[PDB]
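Asker: let me give you the complex in parts, starting here:
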Amino acid sequence: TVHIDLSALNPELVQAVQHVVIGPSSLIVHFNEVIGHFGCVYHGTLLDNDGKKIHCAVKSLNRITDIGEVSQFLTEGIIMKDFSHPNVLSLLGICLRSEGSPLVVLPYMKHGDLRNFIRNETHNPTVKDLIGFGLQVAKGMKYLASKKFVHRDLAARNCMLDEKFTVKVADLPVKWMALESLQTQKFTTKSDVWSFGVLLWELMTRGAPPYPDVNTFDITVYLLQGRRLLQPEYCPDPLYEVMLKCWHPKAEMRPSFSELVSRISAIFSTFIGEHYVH
């Protein structure tokens, strides 16, 4: 029952978004074929001018009803389309339709999200593999921070993994949130750094749920008492130290993603044995 009045949109903005729009001249959506946790996502195929096919995921934004939301949707499209880094999920385009919800078009990620990948017992990542995934996320966050983009929901579940095992950073979650975000409601690159530390912990435990024994409403006190996620069984000491610095109570004292890439890269090189080479 979604019929959006596209004539109601502003002309200057529609002009700005043209370079992001893709349509039925290029994209086949398979509305009968679902990609099963990230909303309503369909299999799609994107053709260039000679008819070459690219497998994509096509997400239907079924909440977007009004022209404010559609205008915000267009803006998010313009922003994301500019980003170009091998560790940040690409936006292939968006669809602005007069019938049906707006669509977002992403490259197909063969191995799904990182959390489900590492939890799957049939996969056998080494400690080096898991640290490597962490380093890839750091590089993507370094790029995004360089663009002044604040992630706000960084977590293993929001990182994707392609057929070459390249981690693509993509996309309430109190157990990932910085202390200051929990109380002042505000998010920064420094709070993304805190979430990154929790993501590293997720990696080293192969997707264990963090703080299993603390209620979500008792997390602020736990953290103020100076308590932190315990060092995972497979996590080496130098990596656990990096995690602890990511959870510094003073956001200003946390390392930058640039600092993290450098440190983690040094740790990764001392490790040997990999089953998932990038």
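Answerer: Okay, I see it. Numbering: from 1, shown residues only, chains lettered A, B, ... in the order given.

Asker: roughly how far apart are the residue nearest the centre of chain A and residue A:137?
Answerer: For chain A, residue A:170 is the residue whose C-alpha lies nearest the centre (Cα atoms, centre = their mean; 2.5 Å). Distance of residue A:170 to residue A:137, computed by Cβ to Cβ, to the nearest Å: 11 Å. Every residue, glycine included, has its C-beta placed from N, CA and C.

Asker: overlap in contacts, these two.
Answerer: Common contacts of residue A:170 and residue A:137, defined by Cβ atoms under 8 Å, 6 or more residues apart in numbering, comprise residue A:159.

Asker: residue ranges of the helices in chain A, please?
Answerer: In chain A, the segments counted as helices under DSSP state H are A:11-17, A:67-82, A:114-119, A:127-146, A:179-184, A:189-204, A:219-224, A:237-246, A:257-269.

Asker: so can I have TSV of the ones you listed showing mean neighbour count?
Answerer: Shown next, in TSV, are these (neighbours: other Cβ atoms under 10 Å):
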stretch	mean neighbour count
helix A:11-17	12
helix A:67-82	16
helix A:114-119	20
helix A:127-146	23
helix A:179-184	16
helix A:189-204	25
helix A:219-224	15
helix A:237-246	17
helix A:257-269	17
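
Asker: need those in JSON lines with distance to residue A:61, can you?
Answerer: Listed next are the helices of chain A as JSON lines, based on distance: least, Cβ to Cβ, whole Å:
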{"stretch": "helix A:11-17", "distance to residue A:61": "14"}
{"stretch": "helix A:67-82", "distance to residue A:61": "6"}
{"stretch": "helix A:114-119", "distance to residue A:61": "23"}
{"stretch": "helix A:127-146", "distance to residue A:61": "22"}
{"stretch": "helix A:179-184", "distance to residue A:61": "25"}
{"stretch": "helix A:189-204", "distance to residue A:61": "24"}
{"stretch": "helix A:219-224", "distance to residue A:61": "31"}
{"stretch": "helix A:237-246", "distance to residue A:61": "32"}
{"stretch": "helix A:257-269", "distance to residue A:61": "29"}
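
Asker: with the structure above as the base, add chain B:
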Amino acid sequence: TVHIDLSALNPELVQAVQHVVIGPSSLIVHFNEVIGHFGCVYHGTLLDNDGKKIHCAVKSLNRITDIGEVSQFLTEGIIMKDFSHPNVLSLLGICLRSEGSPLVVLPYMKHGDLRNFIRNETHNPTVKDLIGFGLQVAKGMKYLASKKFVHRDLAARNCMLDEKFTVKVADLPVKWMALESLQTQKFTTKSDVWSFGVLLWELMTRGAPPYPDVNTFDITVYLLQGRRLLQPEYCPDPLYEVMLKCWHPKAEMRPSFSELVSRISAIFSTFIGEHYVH
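Answerer: Following on from the chains above, chain B is added here:
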């Protein structure tokens, strides 16, 4: 301590927003002179090319820190700038600065917000006057609904009043929210219609607080029990009937703003005696 990196913004969007941007070649902000409830708002003066001055209000968006928020701010600017109706507050422009928070520039409204105006005992609006204010708001909402814009926070406090006593619709509030908004979290033009009915009630009581004896967390049950705001002492029966229809439990059965303008206009014409002629 606000230093936003404007080079980080997208080129196509910056091009789209140019027609909304105003700068130091036209605008004098009096940062030492405050307009005292709507955030940080300063007196400003806007000059055209021959040096003619227009009194404005200049609001400093001190929350806007990151490029996502700035991009969303630009989009809101583009949308609002298109709106042109005598009962909707105009956007004179926005300021995108490399130092200091983004600014929004609005025409100065001599008589402030409608709620404070009607509560001020030194003003003497008649029943016709109050209904007239209500009709003006309805006309503004009719325009906005025609543009597919959903208000979400319609209330007497968010309507402004200029020197000619023209009401300008401008800008959590559970006692104004539709039943369905309270439970499904979603907002529509039909939920704006519900808030409009509460605004009419505010008008007819000269800014009394609604549902004085019900806690904000008991409002959903109160409404589900079929209870409604009582008919104000000065509210005529036909207007109270309009209010009741605005609070129909079925959003689809509520009148349109177009229907409201027509009905309220008929009621207003049967009234005589005014101190605030539009």
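
Asker: picking up where we left off before, the nearest residue to the residue nearest to the centre of chain A once chain neighbours are set aside and residue B:212, how far apart?
Answerer: Counting by Cβ to Cβ, 6 or more residues apart in numbering or on different chains, the nearest residue to residue A:170 once its immediate chain neighbours are dropped is residue A:89, at 4.0 Å. Per Cβ to Cβ, residue A:89 is found 51 Å from residue B:212.

Asker: which of those two has more neighbours?
Answerer: Comparing residue A:89 with residue B:212 by other Cβ atoms under 10 Å in any protein chain shown, the one with more neighbours is residue A:89, at 22 against 7.

Asker: how about the more buried one, phi and psi?
Answerer: Backbone torsions for residue A:89, taken as degrees, to the nearest 10, come to phi -60, psi 130.

Asker: if I read this right, it contacts residue A:169, doesn't it?
Answerer: Yes. Counting by Cβ atoms under 8 Å, residue A:89 does reach residue A:169; the two are 6.6 Å apart.

Asker: can you count the residues close to residue A:210?
Answerer: 16.

Asker: try residue A:101
Answerer: Neighbours of residue A:101 (other Cβ under 10 Å): 18.

Asker: then the one 10 residues further on?
Answerer: The burial count assigned to residue A:111 is 18, neighbours taken as other Cβ under 10 Å.

Asker: which ones are touching it?
Answerer: Residues in contact with residue A:111 (Cβ atoms under 8 Å, 6 or more residues apart in numbering or on different chains) are A:117, A:160-163, A:165.

Asker: near chain B, which residues of the stretch 1-150 of chain A are found?
Answerer: The stretch 1-150 of chain A has residues A:5, A:8, A:10, A:12-13, A:15-17, A:19, A:65-68, A:71-72, A:74-75, A:78-79, A:82, A:147-150 near chain B, with proximity defined as Cβ under 8 Å from any Cβ of the partner chain.
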